[PDB]
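Novice:
Chains as they are written, first to last, in the deposited numbering: chain CCC, 45 to 54; chain HHH, 1 to 83, 83A to 83C, 84 to 101, 101A to 101D, 102 to 216; chain LLL, 2 to 26, 26A to 26C, 27 to 94, 94A to 94C, 95 to 105, 105A, 106 to 208.
(1) Taking just the CA atoms, how far does residue 115 (chain HHH) sit from residue 127 (chain HHH)?
(2) Using a Cβ-Cβ distance cut-off of 8 angstroms, determine whether residue 162 (chain LLL) contacts chain HHH.
(3) Distance, Cα to Cα, residue 58 (chain HHH) vs residue 50 (chain HHH)?
(4) Assign residue 181 (chain LLL) to one of three DSSP states: helix, strand, or coil.
(5) Can you pull the DSSP bridge partners for residue 200 (chain HHH)?
(6) Terminal residues of the continuous beta strand (DSSP E) containing residue 46 (chain HHH)?
(7) Please check the pair residue 51 (chain CCC) and residue 53 (chain HHH), which I expect to be a contact at CB under 8 angstroms, by giving their CB distance rounded to whole angstroms.
(8) So which residues on chain CCC does residue 68 (chain HHH) lean against when the C-beta distance must stay under 9 angstroms?
(9) Taking 7 angstroms as the limit between beta carbons, can you name the residues of its chain near residue 190 (chain HHH), skipping five residues before and five after?
(10) Would you list, in sequence order, the uninterrupted alpha helix (DSSP H) runs of no fewer than 4 residues that lie entirely inside the segment 28 to 60 of chain LLL?
(11) Determine the DSSP secondary structure at residue 10 (chain HHH), reduced to helix, strand or coil.
(12) Three or more C-beta pairs closer than 8 angstroms, one from the segment 113 to 131 of chain LLL and one from the segment 33 to 51 of chain LLL: is that the case here?
(13) Please state whether DSSP places residue 82 (chain LLL) in a helix, a strand or coil.
(14) If you draw a straight line from the C-alpha of residue 63 (chain LLL) to the C-alpha of residue 62 (chain HHH), how long is it?
(15) For residue 160 (chain HHH), which of HHH:182, HHH:148 and HHH:31 has the nearest alpha-carbon?
(16) Under 8 angstroms Cβ-Cβ, which residues of chain LLL neighbour residue 52 (chain CCC)?
(17) If the cut-off is 9 angstroms on Cβ atoms, which residues from the segment 24 to 51 of chain HHH count as contacting chain CCC, listed in chain order?
(18) According to DSSP, residue 59 (chain HHH) sits in a beta bridge with which residue or residues?
(19) Answer with buried or exposed for residue 14 (chain LLL), where buried requires no fewer than 16 other C-beta atoms within 10 angstroms of its C-beta.
(20) According to DSSP, is residue 230 (chain HHH) helix, strand or coil?
(21) Nearest by alpha-carbon distance to residue 94A (chain LLL): which of HHH:154, HHH:178, HHH:192 and HHH:60 is it?
(22) Quick check on residue 65 (chain LLL): does DSSP put it in helix, strand or coil?
(23) Go ahead and pull the three-state DSSP assignment for residue 39 (chain HHH).
(24) Just the C-alpha distance for residue 151 (chain LLL) and residue 190 (chain LLL), rounded to the nearest angstrom, thanks.
(25) In angstroms, rounded to a whole number, what distance separates the CA positions of residue 104 (chain LLL) and residue 22 (chain LLL)?
(26) Leaving out the 5 sequence neighbours to the left and right, which residues in its chain are closer than 6 angstroms to residue 179 (chain LLL) when beta-carbon positions are compared?
(27) For a cutoff of 8 angstroms on Cβ pairs, would you count residue 94A (chain LLL) as touching chain CCC?
(28) Can you check whether the C-beta of residue 98 (chain HHH) is within less than 8 angstroms of a C-beta belonging to chain CCC?
(29) Leaving out five residues on either side along the sequence, give the residues of the same chain with a beta carbon under 6 angstroms from the beta carbon of residue 111 (chain HHH).
(30) Less than 8 angstroms between the C-beta atoms of residue 101A (chain HHH) and residue 46 (chain CCC), yes or no?
(31) Under 8 angstroms by Cβ, that's how I've got residue 151 (chain HHH) and residue 200 (chain HHH) pegged, so tell me the actual separation to the nearest angstrom.
(32) Where does residue 122 (chain LLL) sit, in a helix, a strand or coil, going by DSSP?
(33) Do the segment 42 to 62 of chain LLL and the segment 71 to 87 of chain LLL touch if we need at least three Cβ pairs shorter than 8 angstroms?
(34) Can you give me the C-alpha to C-alpha distance between residue 67 (chain LLL) and residue 133 (chain LLL), rounded to a whole angstrom?
(35) For residue 90 (chain LLL), return the contacting residues in chain CCC, with the cut-off set at a CB-CB distance below 7 angstroms.
(36) Whose CA, out of HHH:45, HHH:23 and HHH:3, lies closest to the CA of residue 97 (chain LLL)?
Right under this line is the structure:
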């Protein structure tokens, strides 16, 4: 669980 | 065409619950992560929470974890923030923001207009209105300052007029202070000809809709 | 704030101003991108700079970002009145549990008007408030520019901290500023001093108004 990971489809 | 429209804010006592909503249009809602951010009156921005586009992940600020839940309804293009166990320190404008991402961190490319959450244990109370009487030494050239002190009301707002809206020239109504009691006070002052103080009546009209109270206070010269 | 910004910057129209944002080795030093937001008074933040240096297409060419080591900076050239706002830098910190960290913000003032000294009016407690067993001194400050003031209270020449509440300056119709300060006393405190003063400092210069129970 990385809160800085891309949270979008693209 | 990108719209983020928030609702759900208002005044609640500590330990109560509120749900905020962020209704979106103009983009494919289900393709985007969304954030909540808050700002205490007069202070900086504080990130609150994120939800993934697919709802696979949710993260929270330490300051709200255990109390707030972020959620989304893709069929309604709507983001929610469930706020439980509200504390006075949760008082803030809450913003929703569309997630964007660059290379090594994220940012918010579109923001809602904000909704104000006020957490207070103060109860609805109409103001006490005291006259601020003008000088009998004429003080400040041919012009006297007189006013009304609007003390210990809750919540905002109050409106003030003079002589039922017929006196607007030289009126200054000051923004309220918030006291340690949780109640507001404000003042309105009007600058008038000293020569009028004999012949002209000055009445401040104070309206406090939240308590269904109106006060009309006559302000008479001292000697 | 993980990210340190100057509380305030100012400049005159046409000037260049720079707003710094200082982090550390787990945020800006770690290579996590920095972004900037503009917040016009009473409005939501708006994206100004993303990925350290990029302007959204809607942002004028007067706004630019740079990043070196543990620091980022926003530069505004050709300063205009419309630029008067709070500016926030934003990144990510691997040593904290949130998606975003913010700077504390920088208030940008555009000095677009001549200096204007404050008008000060001090009212004593009304005999009705006293006759209702309370006492409020009211110090009303108006028509000053820029919108920074200090208000201090004195009882017989001695400073009073307890019972004071002061509003932040608020902009008027004429683009000058107003503020108010209240001092809450017992009628006993009011009657037990020869005088009270409201002392208003604006750009190093002070107006003091006194009232006397007398």
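Using N, Cα and C, we set each Cβ at its ideal position, and we do this for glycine too.
Specialist: Short version:
(1) As a position in the second chain, residue 127 (chain HHH) is number 134, starting the count at 1. As a position in the second chain, residue 115 (chain HHH) is number 122, starting the count at 1. One C-alpha to the other measures close to 33 angstroms.
(2) Here residue 162 (chain LLL) corresponds to residue number 168 of the third chain, with the count starting at 1. Closer than 8 angstroms: yes.
(3) Taking the second chain and counting its residues from 1, one reaches residue 58 (chain HHH) at position 58. Taking the second chain and counting its residues from 1, one reaches residue 50 (chain HHH) at position 50. Spanning the two alpha carbons is a distance of roughly 6 angstroms.
(4) What you label residue 181 (chain LLL) is simply residue 187 of the third chain in a count that begins at 1. Residue state, collapsed to three classes: helix.
(5) As a position in the second chain, residue 200 (chain HHH) is number 207, starting the count at 1. Residue 200 (chain HHH) pairs with HHH:152 and HHH:207.
(6) To locate residue 46 (chain HHH), count along the second chain from 1; it is residue 46. That run of the beta strand (DSSP E) goes 45 to 51.
(7) Taking the first residue of the first chain as position 1, residue 51 (chain CCC) is located at position 7. Taking the first residue of the second chain as position 1, residue 53 (chain HHH) is located at position 53. About 6 angstroms; that satisfies the 8 angstroms criterion.
(8) As a first step, residue 68 (chain HHH) is located in the second chain; it is residue number 68 there, counting from the start. Result: empty, since nearest Cβ-Cβ is about 15 angstroms, beyond 9 angstroms.
(9) For the purposes of this step, residue 190 (chain HHH) is identified with residue 197 of the second chain, where counting begins at 1. Contacts found: 127, 137 and 214.
(10) none
(11) Locating residue 10 (chain HHH) in the second chain gives position 10, where the first residue counts as 1. Three-state DSSP puts residue 10 (chain HHH) in a strand.
(12) no
(13) Sequence index remark: in the third chain, residue 82 (chain LLL) carries index 84 (1-based). Three-state DSSP puts residue 82 (chain LLL) in coil, outside helix and strand.
(14) Walking along the third chain from the start, residue 63 (chain LLL) turns up at place 65. Walking along the second chain from the start, residue 62 (chain HHH) turns up at place 62. Each residue's alpha carbon lies about 30 angstroms from the other.
(15) Mapped onto the second chain, residue 160 (chain HHH) falls at position 167. Answer by Cα proximity: HHH:182.
(16) Locating residue 52 (chain CCC) in the first chain gives position 8, counting from the first residue. Chain LLL residues near residue 52 (chain CCC): none, gap ~12 angstroms exceeds 8 angstroms.
(17) 28, 30, 31, 32, 33, 34, 35, 50 and 51
(18) On the second chain, position 59 is the one that residue 59 (chain HHH) refers to. In DSSP, residue 59 (chain HHH) forms a bridge with HHH:50.
(19) Translated into the one-based positions of the third chain, residue 14 (chain LLL) becomes position 13. Result: exposed.
(20) Nothing in the structure corresponds to residue 230 (chain HHH), since chain HHH is present only between 1 and 216.
(21) Position 97 of the third chain, counted from the start, is the residue given in the question as residue 94A (chain LLL). Looking at the Cα atoms, HHH:60 is the closest of the given residues.
(22) Within the third chain, the letter at position 67 stands for residue 65 (chain LLL). In this structure, residue 65 (chain LLL) counts as strand in the three-state DSSP scheme.
(23) Counting from one through the second chain, the residue named residue 39 (chain HHH) turns up at place 39. Three-state DSSP puts residue 39 (chain HHH) in a strand.
(24) Counted from its first residue, the third chain places residue 151 (chain LLL) at position 157. Counted from its first residue, the third chain places residue 190 (chain LLL) at position 196. Each residue's Cα considered, the two are about 8 angstroms apart.
(25) Sequence index remark: in the third chain, residue 104 (chain LLL) carries index 109 (1-based). Sequence index remark: in the third chain, residue 22 (chain LLL) carries index 21 (1-based). Those two C-alpha atoms are separated by around 18 angstroms.
(26) Here the question's residue 179 (chain LLL) lines up with position 185 in the third chain. Closer than 6 angstroms at Cβ, skipping near neighbours: 129.
(27) Indexing the third chain from 1 puts residue 94A (chain LLL) at position 97. So, interface residue.
(28) What you label residue 98 (chain HHH) is simply residue 101 of the second chain in a count that begins at 1. It does: the Cβ of residue 98 (chain HHH) has a partner Cβ on chain CCC nearer than 8 angstroms.
(29) Within the second chain, numbered from 1, the residue matching residue 111 (chain HHH) stands at position 118. So the list reads 11 and 88, once near-sequence residues are dropped.
(30) The residue you call residue 101A (chain HHH) lines up with position 105 of the second chain. The residue you call residue 46 (chain CCC) lines up with position 2 of the first chain. Contact: no.
(31) On the second chain, position 158 is the one that residue 151 (chain HHH) refers to. On the second chain, position 207 is the one that residue 200 (chain HHH) refers to. Indeed they touch by this definition, with Cβ atoms about 7 angstroms apart.
(32) Sequence index remark: in the third chain, residue 122 (chain LLL) carries index 128 (1-based). Note: residue 122 (chain LLL) maps to helix in three-state DSSP.
(33) yes
(34) For the purposes of this step, residue 67 (chain LLL) is taken as the residue at position 69 of the third chain. For the purposes of this step, residue 133 (chain LLL) is taken as the residue at position 139 of the third chain. For residue 67 (chain LLL) and residue 133 (chain LLL), the distance between alpha carbons rounds to 48 angstroms.
(35) As a working note, residue 90 (chain LLL) is residue 92 in the third chain. Here the neighbours are 48.
(36) As a working note, residue 97 (chain LLL) is residue 102 in the third chain. Nearest option by C-alpha distance: HHH:45.
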